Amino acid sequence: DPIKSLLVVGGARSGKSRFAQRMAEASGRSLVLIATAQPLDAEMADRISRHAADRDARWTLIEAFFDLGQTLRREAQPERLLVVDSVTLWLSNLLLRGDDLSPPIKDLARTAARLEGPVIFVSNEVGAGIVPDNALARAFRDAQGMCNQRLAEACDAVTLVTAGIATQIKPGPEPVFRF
């Protein structure tokens, strides 16, 4: 059972990137970071420059700020393992541009199940707080939850990362109750 797709979900500073990187690097495959993120403020400019300087020379980086599905179709193959650094930031680029988010979330789950070579998606959980007091935050919260539902379904494996520790929730049989 070599898997062809893994979804890693966790909160903010959960350890999910470090965990993703560790699976990618123990694969003995040719590694490509698919990057959805553009540092456009100082806070964000830190994280990219600083934590990139602690990736091996072994990694290759391709940017995909909008056309994530298209990039995966083209760049995926059996010698390569692709890592999508943030589904979260990709969805945010689309939301802020005014795209309707259903078709591309739907395209991404399709692409993930029909992929040439293996891929790891890293995504945030944003759904476990108080309902946001603005239409934008609320609309993102729905797209993020739906998207993580459609990836988790399409992907062979799914792991949840809490406090730097990983827990497989797929593969694995879901509970079924007897009333």
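Note that residue numbering follows the sequence shown and begins at 1.
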Looking only at CA atoms, which has the higher mean B factor in the entry: 28 to 36 or 43 to 51? 43 to 51
Between 167 to 175 and 7 to 15, name whichever shows the higher mean Cα B factor according to the PDB entry. 167 to 175
Between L72, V84, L95, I105, which one tops the list for Cα B-factor in this entry? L72
Ranked by Cα temperature factor within the chain, is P132 in the lowest third, the middle third or the highest third? lowest
Can you work out whether the C-alpha temperature factor of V122 puts it in the lowest, middle or highest third of the chain? lowest
By its CA B factor, does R58 count among the lowest, middle or highest third of the modelled residues in the chain? middle
Relative to the other modelled residues in the chain, which third contains the C-alpha temperature factor of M146: lowest, middle or highest? middle
Lowest, middle or highest third: which one holds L68 when the chain's residues are ordered by CA B-factor from the entry? highest
